[PDB]
Each structure stands twice: as structure tokens, then as C-alpha cells.
Amino acid sequence: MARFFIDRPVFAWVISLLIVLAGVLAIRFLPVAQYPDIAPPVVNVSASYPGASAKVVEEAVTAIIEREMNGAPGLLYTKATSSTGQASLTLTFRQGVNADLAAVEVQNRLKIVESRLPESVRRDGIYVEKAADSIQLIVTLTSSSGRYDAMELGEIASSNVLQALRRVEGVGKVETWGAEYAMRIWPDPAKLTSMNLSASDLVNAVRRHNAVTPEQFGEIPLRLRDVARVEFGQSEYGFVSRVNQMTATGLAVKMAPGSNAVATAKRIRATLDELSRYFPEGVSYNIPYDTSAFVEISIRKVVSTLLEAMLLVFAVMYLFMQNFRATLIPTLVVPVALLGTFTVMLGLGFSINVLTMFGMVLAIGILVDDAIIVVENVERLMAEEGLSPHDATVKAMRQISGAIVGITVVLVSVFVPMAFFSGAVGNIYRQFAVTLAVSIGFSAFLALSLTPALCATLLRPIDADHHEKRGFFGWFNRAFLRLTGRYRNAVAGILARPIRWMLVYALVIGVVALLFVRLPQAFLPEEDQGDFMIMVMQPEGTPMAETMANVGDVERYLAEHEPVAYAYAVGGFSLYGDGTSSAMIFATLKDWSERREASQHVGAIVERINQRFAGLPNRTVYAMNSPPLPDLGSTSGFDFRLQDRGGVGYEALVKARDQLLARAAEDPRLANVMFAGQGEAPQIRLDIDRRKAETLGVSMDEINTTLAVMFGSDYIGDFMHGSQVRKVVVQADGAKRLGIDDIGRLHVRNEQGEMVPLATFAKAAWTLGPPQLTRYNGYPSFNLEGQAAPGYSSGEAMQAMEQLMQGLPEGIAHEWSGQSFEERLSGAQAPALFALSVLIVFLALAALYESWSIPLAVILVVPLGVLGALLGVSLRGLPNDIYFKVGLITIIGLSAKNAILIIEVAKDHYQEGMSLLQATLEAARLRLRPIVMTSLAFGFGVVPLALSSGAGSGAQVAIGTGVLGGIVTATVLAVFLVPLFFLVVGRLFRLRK
Amino acid sequence: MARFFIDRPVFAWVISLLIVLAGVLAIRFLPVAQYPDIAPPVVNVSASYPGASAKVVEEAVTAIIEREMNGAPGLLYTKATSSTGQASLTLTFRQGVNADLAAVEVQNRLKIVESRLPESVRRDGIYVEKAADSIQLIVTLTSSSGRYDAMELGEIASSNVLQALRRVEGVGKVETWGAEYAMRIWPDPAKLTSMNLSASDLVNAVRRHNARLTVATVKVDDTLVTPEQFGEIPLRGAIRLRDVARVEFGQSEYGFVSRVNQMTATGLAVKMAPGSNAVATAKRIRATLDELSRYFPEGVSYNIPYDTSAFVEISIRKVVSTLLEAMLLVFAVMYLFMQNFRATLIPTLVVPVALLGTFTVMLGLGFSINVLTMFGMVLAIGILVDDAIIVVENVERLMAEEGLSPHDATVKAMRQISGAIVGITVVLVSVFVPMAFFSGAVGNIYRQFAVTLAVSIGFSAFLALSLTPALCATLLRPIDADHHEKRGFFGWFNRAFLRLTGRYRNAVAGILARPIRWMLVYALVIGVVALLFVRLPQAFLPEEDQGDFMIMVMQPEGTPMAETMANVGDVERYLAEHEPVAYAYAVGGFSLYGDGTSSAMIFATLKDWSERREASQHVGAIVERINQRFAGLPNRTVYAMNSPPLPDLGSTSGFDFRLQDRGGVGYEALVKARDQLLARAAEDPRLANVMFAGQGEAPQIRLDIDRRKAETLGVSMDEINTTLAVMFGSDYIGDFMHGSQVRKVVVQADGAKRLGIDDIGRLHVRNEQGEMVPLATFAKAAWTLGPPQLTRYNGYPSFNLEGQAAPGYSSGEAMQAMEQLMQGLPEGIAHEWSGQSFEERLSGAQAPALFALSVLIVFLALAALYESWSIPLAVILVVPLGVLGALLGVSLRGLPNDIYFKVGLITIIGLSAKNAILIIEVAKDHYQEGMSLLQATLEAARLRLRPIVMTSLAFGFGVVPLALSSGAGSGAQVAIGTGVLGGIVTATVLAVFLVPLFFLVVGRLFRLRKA
């Protein structure tokens, strides 16, 4: 069809312009994110057994539900956490499962197993939801005047902000982190012990008199305040959200799965604008934590990188062609293909993410390659034979179209298999594959439609002045001619002793194998997200005052030695277990431009935070950067599950856990390996004598009420306007300090009501036990989370954990979860990835060139490029990762292209009659210049990624360095060994001459 | 496209290799089953009202739920049954809806009226389930050491076997039947007479006493809910160990009586997860059971008394073996004729690739590998072989007759046949696709695979138009002079076939010479085909010996569990004496009720078919010996389901007549109307056997409560229920009998053995004050004859009537006749057809319409292929010839016009049509050359003789094994065989002697002329 467009330039221009218009419109309509939809579908099942406690809930509810859900279609795995009187089973389904249909199936199974579950549980009702549990944005209301305090701000948010934020499209759930006033003026057992009451008297009297100030609450006849004289109960600070050492209402925002974070954030901000339009007096919304900002800046940076790559490719193509129009043609080819790729992305639903932009940046050189071939040949014909631009273009098309077709076919074929892979790794592969393949296809189409027309119109007959530059360009031309002569001599040398150089090639293959073995595997690299979390782990049940003081210290440190714009945290909420004395500092860093030095990088900041809070047994303040992929995983470190598949028992499982933790501490590869589960806590066991209950005349439930007045919630009447709370909780437990044990002597209200302290009616034990019980995939498990020590990759850390598991008592498994599971999947997929890519290349070439020998040689070419990629990544110290594997695929494609460039022409000349040796040498010379030109163009197009620096540059460096090294060897080695490969193959298989 | 691939062999090779790899992966991922799911999505709602009258159950549970369900999306119809103590509402949903979403909606609608339902049912909880009552495999653990209790064995199973089986790949559910450990309150029958039972009060005390703290690490670890702890719990002399409980309980939780060959075991049913290979899943289960057996304390021997997977596997084996043997026979025939090993190799390579492509498409669409899929695979391999063999034969004959080199011969042969190939592909597509339009998924599968196998001949349009031409262009080597024809059997056979061809040409010339007579013969063929088609019974699926039979002992409404066990033992002994049963596991309850005391299920696995080869040892005869002879007792209704067909939906002329509409007419009035209607239906000749499937009214006793006197007295109605509970009262439960494990507590008068009948309206009742006053003073017990179960259809109490059409009378005609016979019945009563009747009423004329459409499309396509409006008529006329042989064979065999027969007939039509198209195309080409119609026709007949003979011989010999099948799936195999074999024989002979006549007749009639 090339001739058709040659004679119809207007038609080609029309097609190109239509493509450009479609691209612009698609870009306007295309959603923008950072990463594709890697979030695995997740369904949460929640049940409650108020009449039960921990480890009875697990046996009666958790185990039954998890056994029923076993065998669910698409069920990736199951994590079941059973607390006291509450069971939560999160069933993670594999990527590609309809969340709603999955929830439907879960509900069906839940109804099927409902009968087995305790009737109390059935009446309670087990809920099934699909909401994500990852906070994407936080909202805080701050009153500048200070008129509205925590309770007032919380009421304001609940009245306006809360419902409006839920109304916003794209957010699944808005969680509130505020608190409301209460009036817990109730004594401790020290007070009652000094007295002779079991607090039924006073609590009941307060209830009667309610039917009022805290003083008046205490001053109640049993008007004795002293009997109830305690610290002024006020739950207004109950779950205080500490933003920059201040108290503000916390509004966690969890965006709904499959929702554009940027658009959802924008909608949230607009709704907050309206709420502030109806603000009370001084209240204003101050979002302290956001994720979309890094997404936006990353997209901007990659766009800038793309522009720079385009500039560099123009530079190289000019250096070779040395004429503006000739360089102009491929530069015009580039954007059209990119815009068509954008349109296809919109058609397939692929959102504009960092990965697709990486694909475009890599594409640029591959896109220019074909037009480079076309224009180079047209110029050669227009100079050597002096053909008119039209005639030169026609002849060049006649002699170049086959090469164009072959190169495009091999590239698309190499980018085909990766798309078929599933999982989040499959999604990343799909992004890159779609981008590259569609771009290359459109590049070929333009190289056969637009490029010929431009070569026949834009190109003007070169005169002697342009023919002999007599300058730097002339020097380049003469030097390249000299290099071509030396290259011909070198290729003759390569073919002189084929056995020797083939042995060298086999050595190259061996070195490839060794390098691949040495290179450590890893997942996507870390980046300076601009925000991080400092989990202040505290002893379970420690006074919340200690946690709050520690949080204040953290906030001050972040405001003294760190560049933190927003140091937000929640008291009573943490990934430690969400305990009342557990907090997490959701710190947001300042601008990345301000944070330019290495110390100002988030990693160094976190390291300094750990150092500052090192040597603190009281508070384990562990800082962590935001996970690079917040969907598949939630913790920066690996997710290890210590499954008790053998059923060794809880105590034996704990022994295995502690031994593994000690060995991990010994292991140099591992670091910061900690048990996410909370430690054993003292649990009192009141073995109240039921027969004694019968004798006393107070029911066991009546005795339960007596110990509820001893320890139990009863919210009757509050009046404080601050939060407009009408619930004064009579919780004698929390008020003053009832937590201290009463095993010495409990206090009981007998049938008479004389309030004589309980002597032995309750057999208090005050033992200890686990706060929660965790099972993974139906096996009791302990969640051990660690990280790789500096100088070791994540894959190395995972392998270290696996090795240390060896030696644990039989019955202990090393299950992986979260991002660790995806890393295992990627490591398993990598061999299939490369092997399938090479196989598809071979088959495509075989069908294309109607032979097996030609694809055999082209396949022989690949290991050199693979070698170069490995060499570059090792030299820079980068680990093997998904980006490295994609780079490997690209290098396979480029090496195959460079191989074909020589091999096809050599095959043509050989079939004409030229001796295999002679044809090989002649081809090598003829195709030297196109190979070098295209390879340099592609390499310098990838250079900006390799040399990228700053926020969101680790990924760019990771992919670019490997691609650059591969293309470096995919040319230097190829131009010498491809002739050898073809010669040897032609000797092995008698090609038709 | 042949020219392209002829020039590019490696290209075609690559395409074929891609197809092969895709096929391998598809087979790796394809689901495997016996039959595909055809049943419309059905939701079962079950509820239990402990100790409630059937009429009471209908009034509260059945009616409310049924009424509310009306309105669910695609609710095709609603059927409801109200037994005593439980009710079941089957909601049949129209096909196309997702069963899961329907189940969720049903659950929500049940939630809507949960409150209205009685509190006891609320505690029990309405159970909603997608209809999957398919227990494929059964695992039982017998007391191997003779020292393990049934409940002990069940404990071992639940602890270890249950969870492991749940984890096993492709296991939907592992529901169990084994008896457990539940308490059973066992007071004396004089408890109320002596002092008072008032067991309600003490059981409420049990529930109240069991308590846990509400407030946080502090907790209570004291709760007494066990038989031993019942002496420590306050049970309200009064009842306690400290009070007077005495007789505690026994038999723990009496449950499903599990006896594997009269040996106590534990009931552990297993169902396959839908979409999982049953055979492979069975293998997984077997290995897991091996490991667990090693675990077992040498007394828990695992037994498999039931596994449907075995028959599925053996049938699939039969089919696969048939495929392999067919390929071998094709090799044999092609060597017999061509005598060139490479030429023999070519189709033996081409065919499997097309099969694998069919597998790939099948996986893509979602169709699951089933006996239907594989059986029809064996149908189209002959068609697959046919196209490859005609292509290679045309290539080789040019290499022999002419001196064309393999490449040139391939080019010319493809130039000759390609257009015909395209036309034939289209024709076969248009003859197989219409089968999909049927509302029967059986026909849909038999379409999809056969359609993509004619489009495996379309993959041959990418192989036999691409790969086969390429292979012939390369693998074929020029004939080694005449060395291929030596003095051996091969050469003599070749010479003899040449002589036969000469004789055949002379005979065809003779037939053409007198066309009128042979056309009259063809009309006679039409008449014979018609008459044979008339005299043939209609069926849907031929049953086969699965290797197992199910027995259900239905007994009077309630029989003592001891008596039920006695009858079960009698049946089991009879089976162990006069029947070849490998395993005879018996489980109480189950059957229609599901847990009914009278009901009893016997899963009895037969021996291997080899030892049961004798016809009397076939499952049909074995079931025949049962249900009579030993069985047939008046009260003991022991009936053996004679190998319930996996698609339990096939019904030749079954009428699902439902006298649903009540219109206020009393149950008695509806009974009268039912009797009148069934009598009149018996009288009318259009109708046949008509029965009232509902069980006849059994003796009973009612108790008019003294509710008015209870209003006057202090006796509450709940107090009356408690007095019943004292004497005739059970089904309440307890909790926490063994730790977290939740068991039950059941009040039983006089311990286990009350031994009382006169308790009816005799027991005194102490009032609210406590004064002993017989409720019999005002409450009266009266003998009655009430119905066992109340059935309501679409919200109307109905009498399900099952009938068949009288021989020769149309099913729809008989349904109209049923309606007319009803016409005139008392007002308020109406009819509603269900199941097969309902579907037929919806549409029954699909078949003629799509058949006519297929004929029209074929005619148009042939008109395109021949470039004439007259020539296709001959190809159309060819069709009945093939039908003749299938009809003759099925008549001689006596087999019915089953689905297998019909599909095989369609396949034979396709094969004969392909042959006819080839013949007529070649004849037309020769005519267009200039040769006279007669001579061109003769030449075409001569040429298109050897490929047809080879095709027919290979396919027929491949089909012969199936036509001679011996047990182990014999039914379907022999149906397919008989049909295809007869069609092949007659089709081939009549075609080669008549299609030339057809072309000649058309040419003379319509004045065909040169271009």
C-alpha cells in the first residue's frame, strides 16, 4: 500500500490528522492514575457473638465460616481474625473476579452454613461487604478561633462533612476518628474497698437521680461525691486525633475499589468547599494526607521525560541524516502513533498511568526505527543513483517494505505473550504490552503510509553542498565510512574462524546464566511518595497517656529535625491492632523540590526517625514509607504467615514463632522482623459459682449486672452542648482505675443489698491469654512482618525467611501474603515470560520468512542483548524486578530487530546466488548504518529514564538502565555475531540458492 | 487461500502447531462431567416447624413464603409441599437467570416476612439452596476393628476426614449423616400425673442459667449444659440429678443408620464442585483418603460405596478409545488404497489438529466435556477424515493418472475442489447450527461441538485448505512407477478395484439409460422412509447401567426407627442374597423426606459389568427383581429408582397436570373433582395412564383442643402444648453438650419406651393454679383420614396428576384433551401445566421452522456454489437416501428414535450431502468443459467413487465397535452405532447409484448449458 500513499499524499495526511484528532479527544476523556487496577477483589465477612469470647468465637464461628468459604470460585486466600465476641474473615479473591458476584456467592455459602453457626450468631446477623480497608485521604476540621473544640468540631463534621463525604462519588466509606464528651465520674475498687459498697448503691442512685454537672453526678446520696470522687470523665478526648500537636476531628476517607483516585480527590475537595461555604464560625477543612499529589507529579515527570527523549532522538536522527526534512519525517511519525495508542488505551479501558507512560517513552525509539530505515534508504537512493524523491521513494519502498514488516512483526510478537499473564504482575505486563504493541503497529502503518508520502514530498534533491558537509557532519560521515571498513574487516575475521567465535558465544550464554543466577529478585522499587506512617507500637493495655505523650514527642521531632508539612496521627487507632493505646503518625512530607538532599529523602527521614526513637522499650516507634502499591499490600515489609498446618498447638506455634524471630534477628539479610499480632494480655477469669449464685438469690445474669456496676457501660443522660451528648457512660471500669485486679476481694451486691464484698462467690483467676487469634487460609497462623536489610533485595529477604523456617518444628508453614505473594507469582512467571516471548518470536519469524533456519539464527542473537541487560543492572546494583523483566522483553525485541536487519538482506543476496560468506559480509556492511542509527536512537530515547533523578525516578532508572545495557550489547555484539550466526546456520541447513 | 499455503508450508505448519498447543491447554483446563447441566435454575426453600400439623404448616409457613416469593425476577413457577414438621417450597426459575443472584433475592424476600413466621421456625432458620442434589461420591468409615462406636467413627471422620475432604480440589460440600452425641430428656409418663413435668420451665431455666459476661478482659468460664452438668445446672420430685431426672438419655443423638454391607459406618456424603473434573477430583479424594486411612487408629477403614465418577470415566474411555481406533482404521484403509505410507500419514496428522481446535473453541465458549460432547466427537471424526481423504485422494489421483509433480498436482487438485470445500463447509454449518435454536441444551451441545467440527473442517479451511494442501505438496512423493502396485494383496486389490470401478460405471450408465424407472424407485424410497419413520417410538436419552442402584423404603408416615431398621435389614439381606451388589451401604432417613424416620435410602453399588454381562444381571433386570418379588409389601413401599438418569428431565409424553386453583373449594371437593377427572381421562381414548402422584390419605387422629375451656381454666394453650410435650412431645434442642459443640435435648416420656397409645385425650392437665384437671373433659380426640402432605402450586392447593399420551396420539393433542375433559368441572378449579408440559405449551414448533430455514439456507448456498438455480435440487433430493439406512437399522435393532439417533441421522445427512456435492460439482465442471451431460456424469461417477468408498469404509468400520458395544455405556454407543452405520451403508450405495441420476434428471429438465 506504500505506493498508493506515495501517489496520494493528501490521503496520508488526512489519515494521520484523523488519528491525531482521535488521540487528543481520547486523552481528554482518558482517566489518569499512577498504577493500573492491581487491587485484588476482597470481600469482608463480619459476625458477632456477644455471648462468647475469643477462641470460642473462633471454634464456633470463624472456623465454620472459613471451612464453608473454602472452595470459593476465584478465592485467592482467606485471613480470619477472631477477637473476643467478634469474628472477621477477609476473603481475598484473585484479580479478575466480579466483586458483586463474589459477594453474592459468599452470601449464598453463608446462608448454607448459617444453620451450623450458633443460633445466637444467626439472630445477630453476619454481614458481607466489599469495601476496601486502605485510607486514601484524610480530612481534618480546624477552627482558627478555637471556639469549637474536639467535641464541637466532631459534631460539625458528623452533621455536614460525614454524610457529604459519603455522598461523594468514588469513596466507598468515610470513617470518623473523632470523639464525643462523656461524664465518667465513677470510683476505683480502691475507693469501694475503703468503703463498704459494691457500687451498685451509687450507680443505681445516680441512675435514679438522673431520672447535671459532674459535681452533681458525684454528689448523689447512697449527696456523697467522695464515694465517686474521680477524675472528670470526658470522652471528648477519648480518641483524640493529634494533627501537628493539636486536636482535630479525624475523617478517614477510603476510596471505593476501581475508582480514579485523582477524580475522587477532586470531588471530595469540591464537596469540602461547599461544606466550608456553610462553615460555622471558624471551621475550615485542612486535608493533611493525600495520595493523588504524588500521582500528579509522577505523571508530570514522566511526560517531561518523554519530551526530553523525543528531543534526544531528534538529535541522533539529525546527527545521521544531517538534513532537517529527513529528520522531520520520523519525528512527525512519533506523535501520531502515540496518539493512536492513547485512543486504543481508551478503547480497552486502560487508564493513563505511570506504566503506560513508561511504555510510550520506551516506544519513541522503536517508533522512529522504521521511518529511519525508510528515510535512510530513500536518501541513499536519492544521492547514489540521483533518483528523484518520488522515484527514490518508490524504489526504496520496493526494497525496504519487507524489512519494515519483519521488524514490526517480531516486535509485536515479542510483546504478545506478556499480555496473557494474569495477576497484578499480569496487569503491569498488560499495560506495558498494550502500549508498546499498539505503538509499534501504528508506527509500521505510518512507515508504510505517511513516511513514504513525506519522503516523496518533504525530501528535496541534495546538492553537492549538502552532499559534502566539510564540517563536523562531514567528519562524522568520513569516520563512519572508516568504521564501516574496519567493521567489514572485523566481520571477515569473525567468519574466518567460526568455531572459535561460536565458542565465545557459548561462553557468553554461560555468563548470561551466571549473571541471572547472581542477580537478586525483587518487586517494584520504592519511591519518595511524599508521605509516610510512623506506627507507635505500645504494650497492649498500657495507659493511653503514654501513647499520647509518645505521639507528641514524634510530632515535635518531625517538626524539629524533619521537613514534614502535616504530622497527623490518631490516638486509639493504629495498625498495631487499633488499640486505645495504639497510634499511627500519618505524616505528610513537604514538597519534593524542597526535599532535594539525600537526608530529606523519605527513606533517610524514616531511618533518622528510627534512630531517634531507638533504644526505647517503652515505645516501639517504627517508621515506614508508604507502600509503593497500596492496593495489593498495606505494609512496606514482606507479609509472612506462620501457618500451623500440622496443628502443633498454640503454645508450640508460639515457640516456633519466637524461634523464627530470634533466627531472623540473627540473619543479616533480614531486618526489622516483628510480630504484627499483639502480645498476650492479662485476662481475668471470674469463675463465679453458679450454685452460689443460686444460694445468694442473685442470678448469674444478676451477678453480671453487679459486676457491670463494678465494670460495665451505662450511658444515661449527658447535657453538654459541646457534642450535644446525652450519654453519660457509667463505666466504673474506665473511670478512676477499676482495671486493677480484685482477686484479693471482689465486691458484690447480695440479695439483701448490704453491699458486702464478694468473698468467694466468684473464683477470679486473673490469668493471661491472646488478645486475638489469626488464621490464614484455614490454618492458625502468626503474621510476621519484616523487611530486607540494606544491601539485600526483597526476594533475598523472603528467601532468608524461607530458609530460617527450615528447622522449625514439623507442622509450621511459610505461607506468603500480600505483596510477597505477588512477588512469588512474578518470580514463578518470569521463566515462562521469557521463554514464551522467545518462542513466539521464533514462530512468527518462521512463518514470516517461510523457513526455520532464519528464525533459528535470529533466536541465537537474543542472549547477547540479555547479557547486556544483566550486565547493566548488575553494575548499577539494581535488583531483578518486574521492570527488569519488561526490559528483558524489550531487549529481546530490539535484538531480534537488529538481527533481522542483517539476516533478511543476507538471505536475499544468498538466494540471488552470492556465496553465503560474500552475501553475509555485503549485508553486514549495507545494514551497519541503519542498525547503528536505530540502536543509538532507541538507546538515547531510554537514556533519560536511566539518568532520571528525583521523586518518582527509581522506577524510571530501574527500567532504563536495563534497557540501555541490553541495547548496548544488542548492537555491539549483534553486528559481529549475527553474521556468524547466519553463516553457521546456512552451513547447518541448506538454504535455497 | 490454498495457493498461499501451498507456497508457504512452514506458515501452515505454524498455524497447526498453534492449534495443537491451544488444544492441549484447553484439555488441561476443560471441565469434565457425564452430562451438562440442562435443568432450569431452581431454588429450594426449606423450613422446619417442630411438632406442627401439616395444615398448620401450610397455613403459616407455606402460604406466606409462597405468596411473598411471587415477584422474584424470572420466577417461572412455584411448587410447595407442606408435610408435618417441615415444609419445602421449590421455586423454578426461567432459564437465563443466574441461580446465585436468584438465591440472594430469595433470601432477601424471605427476610421480608421473617417476623410473620412462627418463632420456632425463626430459631431454626429458613434454609435457601440452589438445587444441586447431586451426591456424586460417598465416603464411609466402617468399624474396622469392631471397637468403634458409630458416633465415635463419626467423630474421627469430622475431626479429620471432613476438613480434608472440604479442602480437596473441586468439592462443593461434604455434608454428613453420621449419628452424633445429643442429650434426650427421658422422664417417666406419670411425671405430670405424679407431680408435674412442666419441662418448658426447666428448659427455659437451662437457657437462662447458661450465661456469659457482657463486659474488658474479665470473663466467666462457668457454664453447665451437659448430661453430667445437668446434675449441676438447675433443672427445676422435680427434674435434676439432685431432683428426680433418673433416666437420662441414650443412643446419644440417634441419627442416620449407616450400614456398609450390614456393617456400621459413618455417613459422610460428598458433592462435586460445579465445573470441576469429576474423575480427577475422585482421584484427589482417593489419595487423601489413603493418607487419612494411614492416620486412622486401625478401626476406621475408609470405604467408597458410591462414586458416580467411575461410569463417567469409563464412558469417556470408551469414546477416546473409539477415536484412537477410528484413526487406526483410517490409516488401514488409506494404506489399503493409496499404498503410500506418507499419504497414509497425512490425514492421520491433519484430523487430530482439527479435533484440538474444536476442544479450544469448546473451552472458550464454556461448554464442558461430557459424554454428549465426546460421543458427537466420534460422529464428526468420520466427517473430519472424509474431507482430508477426499483432498489427498484428488491429489494422488492426479499424480497417478497424470504426471503432475506433488506441488503441481496439489495446485490442480485444490483448484478443482476448493470452491466445493467452501460450499460444503457452509452447508454443514447450516445443517448443524439450527440444532442450537432448540430449547434443549442437549441439542445445543450436540450442535456446538458438531458445528465447530464442521468448522474443524473449517479449521481445515485453514488446514484442508491450508495444512492438508501444504502436506500433500511436501510429504507426497511422485509415484515410484508402479512399484506401489506389486503382485501382493495390495496390487491385486488395486486391480480388482479398477475392475469394480469399470463395472460400477457400466451399471451407472445402465441406470441413467432408464431414468424414469429409477426415479420411481427413488419415490418408493421416499415412501419407505416415511413409513419407517412413522413406525418408530420416540425417546430422549437411552438409560445405561451406571453400576449402582438406589432403593428407597417408604413406610407409613412415621414408623418406629427400630421397625424402619428392620425393614432396611430385610432389604439389605435380600440384596446380599439374590443380587450382585459390590457395596450396599444403607442410610436411614434421606429418600424423599431427607430425614424422615419412615424413609430409608439404600445406595447399592453393583459389581463390574463383566461379571454382570448376563441380561438378567443388568441394572434394569436387577431393579426389576426389586420393587416386587421380595419387595411390594403393602405398608413397606420399597421402590428402587432404576438408575435415575443424570438428566432427570427427559419425558416422552409425561403430563404435569396440576389441578392448582382452589377458588375456595374444600380439600374434599378437590378430591372429588380429581377422582371425576381421572376417571374421565381414563375413559377418553386420547388420554393414557393417569395417576394422582400424591400419596393417598392415611389413617390419622385429630384433637379438637379445649381452647375455650382453657380460656375458662388457668390452662394456657401453651400449657396444653406442654402437656402434649409431656406425653407426645419432642424436637426441642439444647446447647453446649460437649464444649463449644452445640447438641440438643429432647423430652421423651417413659425414658425411651413410652409404649403408650391410649394417651390420646387421656392425660390430665394441671391448671395455672396447679389443680389436676383432664383436658379430655373438654378437648376431644377423634379418628380421621387426613392427607399426608399438602401440595400447593403457584399459591393454590393442588393435586399433581401425572399422565402419558396414548400410543399414536400427539402429546399436545392429549394436553388439549385433558383441558377439555376438565372443562365442566366445578367452579373454582383450574389446570396449570408444569415442567415438560409447560415448556411444550410455550413453544413446540421450533423444530419444523428451523428445519425449513436450514433447507432454505442450504438451497441458497448450493445455488451460489453451482452458479445455478436448478442444480442444487439434486443435492436436496439426495437427503432421504441416508435417512433410509438409519431407519432400517434402528428398526431391525428395535431401538427408538432417541436424541442420539436423530443427531446421528443429521450427521449422516451431512456426510451424504458432502459426497453428493462433490459428485455434482465434478460432473458440472466436466459438462462446462463441453462433455455431454451423460458422459460428464459418467466420468464424475467414475472419479468420485474411490474417495467415497474409502470415506464410507473407514467411517463405518470406526462406528462398528459402537454398534457392537457390550455393556459399560452400551446404550448410547449402540444407538449412535446403529444409526450411523445404517445411514453410511445405504447412503453410500444409493448415492453412488443415484446422485448421477439426479444430476442427469435436473440437467435434462432445466436445460443446463455451458458458460
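Residues numbered from 1 in each chain as written, not as in the entry; some residues may be left out. Chains lettered and ligands numbered in written order. Part of a larger assembly, values for the part shown. Heavy atoms only, no water. Residues with missing side-chain atoms left out of burial classes, pairs and counts.

Structure determination for this PDB entry was carried out by cryo-EM, with a resolution of 3.63 Å recorded in the header.

Going by what the PDB entry lists, chain B is known as Efflux pump membrane transporter and is assigned to Pseudomonas aeruginosa. The deposited entry bears the title "Pseudomonas aeruginosa MexY". Taken verbatim from the UniProt record of chain B, the Subcellular location (unreviewed entry) comment is "Cell inner membrane". Recorded under Sequence similarities (unreviewed entry), the UniProt text for chain B is reproduced unchanged: "Belongs to the resistance-nodulation-cell division (RND) (TC 2.A.6) family." (UniProt positions renumbered as here; feature names shortened; annotations may be inferred.)

You'll find chain A entered in the PDB entry as Efflux pump membrane transporter, with Pseudomonas aeruginosa given as the organism. The record held by UniProt for chain A lists under Subcellular location (unreviewed entry) the comment "Cell inner membrane". Its UniProt record gives chain A a comment under Sequence similarities (unreviewed entry), which states: "Belongs to the resistance-nodulation-cell division (RND) (TC 2.A.6) family."

Draft legend 1. The side chain of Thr266(B), seen in detail. Residue and element names in this part refer to chain B. Mapped onto the secondary structure, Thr266 falls in the loop between α8 (199-209) and β7 (267-272). A relative accessible area of 3% means that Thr266 is categorised as buried. Those residues within four positions of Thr266 in sequence are excluded, and the remaining contacts are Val139, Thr140, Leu141, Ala150, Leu153, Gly154, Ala157, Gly178 and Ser258. (Helix = DSSP H or I, 4+ residues; strand = E, 2+ residues; numbered from the N terminus. Buried < 20%, exposed > 50% of the residue type's maximum accessible area, 1.4 Å probe, protein only. Contact = heavy atoms within 4.5 Å.)

Draft legend 2. Quick look at the interface of chain B and chain A. At the junction of the two partners, chain B supplies 48 residues and chain A supplies 48 residues. Between chain B and chain A, a total of about 4300 Å² is buried, with carbon and sulfur atoms accounting for 51% of that surface. When the area that chain B buries against chain A is broken down by residue, the three leading residues are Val10(B), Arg166(B) and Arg167(B), summing to 15%. Here chain B and chain A share 6 salt bridges between them. In this structure, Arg123(A) and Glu119(B) form a salt bridge, with 2.8 Å as the shortest nitrogen-oxygen distance. Counting the contacts that link chain B with chain A gives 26 residue pairs in polar contact. (Buried area = accessible area lost by both parts, 1.4 Å probe. Salt bridge = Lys/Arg side-chain N within 4 Å of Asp/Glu carboxyl O. Polar contact = N/O pair within 3.5 Å; in protein donor to acceptor, adjacent residues only side chain to side chain.)

Draft legend 3. Molecular detail of the packing of helix α13 (residues 406-432) of chain B against helix α14 (residues 441-454) of chain B. Residue and element names in this part refer to chain B. Two elements in contact, α13 and α14, have axes whose closest approach is 9 Å; the angle formed by their N-to-C orientations is 175 degrees. As summarised for this structure, α13 and α14 are arranged roughly antiparallel, according to the angle between their axes. From α13, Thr425, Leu428 and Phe432 reach across to α14, where they touch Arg447, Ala450, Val451 and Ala454. Its residues placed into classes, the contact of α13 with α14 shows 5 nonpolar, 1 polar and 1 charged. (Axes fitted to C-alpha atoms, helices over the stretch in contact; angles between N-to-C directions. Parallel < 35°, antiparallel > 145°, perpendicular 65-115°, else oblique. Nonpolar A, V, L, I, M, F, W, Y, C, P; charged D, E, K, R; others polar.)

Draft legend 4. Region of the structure containing the environment of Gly977(B). All names here are of chain B. Looking at the element boundaries, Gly977 is found in helix α31 (residues 970-1006). Between the alpha carbons of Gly977 and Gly889 there is a distance of 9.5 Å; along the sequence they are 88 residues apart. Residues within four places of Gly977 in sequence aside, it is in contact with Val959, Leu962 and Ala963.

Draft legend 5. Summary view of the side chain of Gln555(B). Residues and elements named next belong to chain B. Tracing the backbone through its elements, the reader meets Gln555 in the loop between β9 (548-554) and α19 (561-578). Polar contacts involving the side chain of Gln555 include one to the side chain of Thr559, which spans 2.3 Å. Once residues within four sequence positions are removed from consideration, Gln555 is found in contact with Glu563, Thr564, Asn567, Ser598 and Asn635.

Draft legend 6. Representation of the packing of aromatic side chains within the structure. One pass over the full model with this rule turns up 62 aromatic pairs over all chains. Measuring from ring centre to ring centre gives 5.9 Å for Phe472(A) and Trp475(A), while their planes differ by 70 degrees; the resulting arrangement is edge-to-face. Within this pair, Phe472(A) and its partner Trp475(A) are both found in helix α18 (residues 472-496), separated by 3 residues, close to a single helical turn. Joined through ring pairs, the aromatic side chains of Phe314(A), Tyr318(A), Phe324(A), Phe472(A), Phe473(A) and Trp475(A) make up one cluster. If you follow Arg929(A) out to its NZ or CZ, it ends over the ring of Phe480(A), 5.1 Å from the centre. Taking NZ or CZ as reference, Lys1010(B) lies 3.2 Å from the ring centre of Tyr927(B), over its face. (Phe/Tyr/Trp six-rings, centres within 6.5 Å; stacked < 30°, edge-to-face > 60°. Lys NZ or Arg CZ within 6 Å of the ring centre and 35° of its normal.)

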